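[1] here are the coordinates; sequence isn't available:
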Ligand code: SF4
């Protein structure tokens, strides 16, 4: 027989690139290396002076954009800090900790809800906020080598997913009905300008219940600068439209073609028409001009940022204007005057118009550029040239068009004063000139319409910085027009701030007062109306999430705070009779080593050698009475433990019952410590003992009680059944897994107690034991149908919680997830579960896995271009191949240059918790019930691949050597020797890059040698 | 009574900053926000035009420097790619995949060994390589939002730890003894210039066995440009000294004060003195000059990069020159001409000398700067000004001092040609001028000493690009002198490339030939001599690592490659008699969800519903015969399974024994599939059945055999004991844990088989089950002392392997770690175990935890300054506090400058084992002494948490865990965000467990009387 233990020529060939440790140092001349380097190049070449062509290319260029894979990693990395400095550094005070936590838990709805609650333009800001100067600038992770969290990108991702869900906004469900609202709320309100500031202000007013809000916009388009000037390649117009419609869901009206101006709309005309309040958010409508450009027109090649950017926007933003205008024909050398952030958008936009070269010329130095670094970077990588210390003086015109610009050198002296030497003239060539000197409010017709409000020295309407109120009580202003805000988020905040005092003003005009403490409503949608209550063993839970008997329930004061946060129920730490009082050792709770040396947020497990509660039964019983008195709707379950003694169990259970506990939990599963005292596992591993203890309790009390089972047994069903036979109303599955978390290199354990550095087997908790808990819950559910199960073991999100519900559990206990964070996670779990149930009724989102959209082919989270000349060309994203892709993409843009949002409606009833419990059991069975004829094979999407070769290595040393890994393109190809083991898909770093599909060829197992 | 379920005022107060979900939108005016922002500011202010004072500040400014915490995260993130593009993009071809894998496995020694094997200046390069234009430029992770891997920083970290280990280099232990080396190896070899190129060349020649190698260096210092010009704030001189000493460990000699010149050393004098070969690595010793600077001196304020940088270096690098060197007094405006990478080091160095302002003036545009971006950024963040399109023409001097420089405008025409308008003159003020136009070789006395080698039109010695050989057969050249290399790493490669052909040349001169395939030796140290063999049940294992019976052993051809890679032993996939032939389903192996939505490298677990081998017993038995025939020293264990039938077990075991297997493994633990056919989990949970099966096998065969136990039982010791009573020679602990990995939101499972999307309980493997496996191994070891244990369950490194050895196991089976990577991990496991055993004999490194140094107070991996005026000042690293810290640090630098206290020497000495290196047999079971009952633990030796404020990153996680999961014992300052553990601490240890900074929080003995809180008094 051939040499069986040896690879034939063909396999040896397929394994050519499989890693093998070298026995000697490598030998490759410096010349050979220089010639080989360019083939694998991924990033920009520092020696390349050009860059691809960007004409008519408006694809997203943001470095912060994230796909799901990337967002999940970055969200998990976030420390989710207390009193977070990032939130303090956010103009709209977004609870960054909460929304990022929701993202890491895959609860995109909850994340978006939190974002929009404080920022009505959440998506826009996620995309355009100059974070390095705001939230990200204060991020604690800046103190790590990996750096600060990409907050903007994460905000953008959650908001994008929400937008894709097509869920509308609704008024707070707690507000009185429309007709029951006081008369004051029907007061006519007017807002001028449809920009971030007015959109924000009108949104909050609408949240408060005002039913007659109207925004008067001068232009035919809405959104202000977010629409008219911010480039499409930074902020898609589609985003603006999304946020505008969300506002309209609250009844806000918008009327375009209406301007604030003398003989148009004025404060007087509004007052005479009955309007009770007005908000001014018209921004700075005019370009800051300069003498030297007088008479210059566009025909000659001159523009101000106010002239240029809107032209590019109208041409590149579909939906902005009814008319499809041409892209400004910019050819030759372009000069952008100024170093502000607007100048850089002019420079980058110029390139899209066909500019051959773009020069940014400013009167100060490089160090004086005050534009956000991230913005400056975009212009720099697109090869814009920078010319410092030059002040414009003349725009030389010859032939009816600009041919150059004359400058004069500038310089700083000692005192730090700037001088411009008039003798040193500079001649710069240029076919087009764009001034980006800023914007202002000059139009006398407009200023006049604001009479008689007071203006300050800046020639801008004066307002109280806290109330946003002008000299005229009923008139407020905010945004660019006030001159303080420098960003979209600050403008949104101005409108937000104003909304509260406009509310206060209006209510007072009707003789009504408002709360002393500001109460702007949060953001709501129909998802928030979803009922997640559940009944079990005769008990009613407002939600299925509760605190397990553990460290988070060390004290009853903590349970009170958990209930105040919103937890449906809670277990007391396990307590006992005075004679069984315990004393803990220290250290006793350590982090898991189950997922490597990863510290901080999201520990994959914990190990503890803690005993039951150190507090007395008297303390616990009095505490339960207090808790039930103050929180009658929150379920309190008393966890108790006794040795194998009938009188003790009856005494303690009755004492607990008399205190008012809704139910009891019998701790028959402590994996350490209590066992030596004749309790815990010893009693919980023997069906007979479990049965008798339950009988003793059943006979002692009338309230329901549940037996908490240990997973450390051969057959957990036998003890679950014993509990049922004994009279238990259900079982809690499960307690911690017995284990040893590890040793230091010197052999000592952790935890290590005392000078002797001793330890004992502890209990493992967390996500690392979830597979064990899920198996336990499902086996019990299948064996004892209908028998109440309280799940516990690795529940850290609505998503994982739903898994246990589907597995047969009715309620969900949590410990480790709280130890990893805090009690506020309940907000995430509830909004998350509501969203998951809501989405099950949306027919158009059935291709989604929970809150996750179906993964689309992408690279760096950005969708891959669907150009015919690119598909199936084996062009990886590196080296000469990358160069070809760019050439094809640019070509496509030139070719293209040559050529309604509706909410989804539930088409079926939203399921209730009772409708989903146990629905997964139908898929579970024996191995024999699985089909061995319906085989699958792996198929790789070459467009999503990042060429790492992990699929290849896993199949080579852990599989069937079925993958070909190209030595030039580093692209893998699954051949037909694939057996569908699925390991390659399991190790792939790109989510859904590899998928398992039905095998079309006949499957035949490899026997190595024929059978007889 | 008081309301027990309520927090008293004091606690409510301590909980002030504890997170609580808001019921309404927040309200904070834009003005209020603007005023609050600066208090929490971490990064540079885009509105601030001046960077803190840097006079005499030579602290590390590299953004790529990593501490252990950061290195482990970045190493774990690396994809560890096949045929890695980063390696292809590295001039020395470092096996980046391997060394980063070693780092993620905490095997810093193995990482360093791999690095130095291909690059003798591994640490230097890690710190200075312009990676964006090299290795990192080709990193696949560039295609992800998080970006490319910080390869240089990881290389630097591993190399730094190795440096701290103070382990010397030794010649390959396989080379013949010195006296038995052929005469050819005693040939006198000479190298000119002690720079990267010569150091590399001499190192490899020494590795090959040459015993008479001498480097002649012109200056009194060694290291070349790494020493004389690269700033101390980018490359500490002691890094250079470290690498020089490693080279000297191989006998290489260095003689300073000897120059290659017409007056001293020439090719002719060397030839007449008997030298058989020479390597020229003198670089480009002279500055590129320009007529307009004729006559200008330092006194007036003029310097070339060649004049300036060496002065700053001699003054800031302790150990470079023994004499005292005054820091160049540079005050006023400084002009650096040029935009090359040297210009930027001149600019940043000028600031350290006292420059008030530094301007970089270049004749082309910003887009034309060809210096690596990372270098440009350093100058930019330190506020250096940039002036483009300006070409120097005249230097104005008054009072014997420079006062200005005259330039002329430049620009490109439509043809791409550069022009300089002579009419547009520019007057720029300046007190100091530094030209950084490059370097060259012009000295006729030096060029003459190279006669008669041929020079090319670049006026540089001509060499064959592949052999590095000049027109004179015995003379080779490399590095800057050749004009191709632009980096330290390329210069190192030039010397590396030349060493092989110099070797070939010399051998040929003695009538000997060399292998057709280049065989430059790897890097070796005494650690490599450590014996990691072990004996168990009469079997001899060359190393304790082996492949578990699993996917990695699906085919015997895979086992062959694993043995070729170096694995000590391997198990065949479990096989059975023909009548019990199985057929797998698909999908059947999925990634674990045990550590969240983290994909790619290092999955924390896998779940499988795979059955035993689909290949026949005939295939397996023939395969074992073949494997044992070709690898007699590698242990092969045949895994077999039968239903509860005596004849079957005896038939199969005998068939396996006859094939030549060293031993057998009885699979009595498959947690799924086989149970239905009456095997695996069925028979392995009952002590009686286990005992009988072992008895049947014991009487059927004579070779040793082990029972593979399942962890899915109440008492694993009962099964293990049953196996021992049945005659088993040992047990394998353990097989996979029974579980369900999860469901999709629609309720369907994964894996899901068929259109019905069905599944069944599978087996969990990987690090997620290690706690269960460790417990199993320790409990069996304590109950049955001396009984052989083969460990399996989450072993993915030498470190984790050592934990199982310490727990009682003799050998280590691996599966998931290979599924997560490949067979080469064996190299990491072996070097790692050798290092861990070696370190146990080094007395001066007892404060280390294995290969991990004790954690020093740091921020971003950089040691915190020990200035008195900073300690205990509650100055966090943000906002106005950060401003204060910088002010204090700058003052300290000025204070240290006034001292002119000639820097202390530098004597590097190797640590010597002061006790025998333990063998595997000496560590087995050594951890059992610390294990016991809960009652054996002391409840009087309590501890409390103590936080090092200097390492804290102010996240408040310790605060939040103690609040909602602890005892509300931590105060979190609302202004500094600094936590303080109070006396109410109970030492639960949760805060330390969730802290993101390794060792920021430590548990220390409680000094106050500990008293449990009862809530209510006892009666
Ligand atoms: S050891 Fe425990 S009681 Fe002490 S400050 Fe840390 S979480 Fe709180």
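    Cool, got the structure. Numbers count the residues shown, from 1 in each chain, chains lettered A, B, ... in the order given.

[2] so residue A:94 touches residue A:119, yeah?
    Yes - at 5.9 Å, residue A:94 counts as touching residue A:119 under the criterion of CB atoms under 8 Å. For the C-beta atoms, the positions are set from N, CA and C on the backbone; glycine is no exception.

[3] what does the stretch 151-300 of chain A have sitting close to chain B?
    The stretch 151-300 of chain A comes close to chain B at residues A:153, A:204, as judged by CB under 8 Å from any CB of the partner chain.

[4] Who has more neighbours out of residue A:94 and residue A:119?
    Using other CB atoms under 10 Å in any protein chain shown, the more surrounded residue of residue A:94 and residue A:119 is residue A:119, with 31 against 28.

[5] Just want to check the distance between the more buried one and residue A:200.
    For residue A:119, the distance to residue A:200 (CB to CB, to the nearest Å) stands at 8 Å.

[6] any shared contact partners between the two?
    Taking CB atoms under 8 Å, 6 or more residues apart in numbering or on different chains as the contact criterion, the common neighbours of residue A:119 and residue A:200 are residue A:492.

[7] which element is residue A:160 on?
    Using DSSP states H and E, residue A:160 sits within helix A:151-165.

[8] buried ones in that helix?
    Residues A:151-163, A:165 are the ones in helix A:151-165 that count as buried (16 or more other CB atoms under 10 Å in any protein chain shown).

[9] From the contact counts, what lies against it?
    helix A:68-77, helix A:96-104, helix A:108-118, helix A:122-128 (3 or more CB pairs under 8 Å, 6 or more residues apart in numbering or on different chains; DSSP states H and E).

[10] Show the subsequent helix or strand relative to it.
    Downstream of helix A:151-165, the next assigned helix or strand under DSSP H and E is strand A:189-192.

[11] Pairing partners for that following strand, with directions?
    Paired strands of strand A:189-192, with direction, are strand A:213-217 (parallel), strand A:277-280 (parallel) (DSSP bridges).

[12] rewinding a little: CSV for the buried residues of helix A:151-165, including distance to residue A:869?
    Output for these, formatted as CSV (distance: CB to CB, whole Å):
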residue, distance to residue A:869
A:151, 38
A:152, 33
A:153, 30
A:154, 34
A:155, 35
A:156, 30
A:157, 30
A:158, 35
A:159, 33
A:160, 28
A:161, 31
A:162, 35
A:163, 31
A:165, 34
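
[13] rewinding a little: so which of the helices and strands packed on helix A:151-165 comes closest to residue A:615?
    Proximity to residue A:615, assessed across these by CB to CB, is greatest for helix A:96-104 (30.3 Å).

[14] how far does that closest one sit from the chain's center?
    Averaging C-alpha positions (CA atoms, centre = their mean, to the nearest Å) puts helix A:96-104 6 Å from its chain's average.

[15] Equivalent analysis for stretch A:101-116, please.
    6 Å.

[16] got the buried residues for that stretch?
    So, applying 16+ other CB under 10 Å, buried residues of stretch A:101-116: A:101-116.

[17] Then stretch A:677-685?
    For stretch A:677-685, by 16+ other CB under 10 Å, it's A:677, A:679-685.
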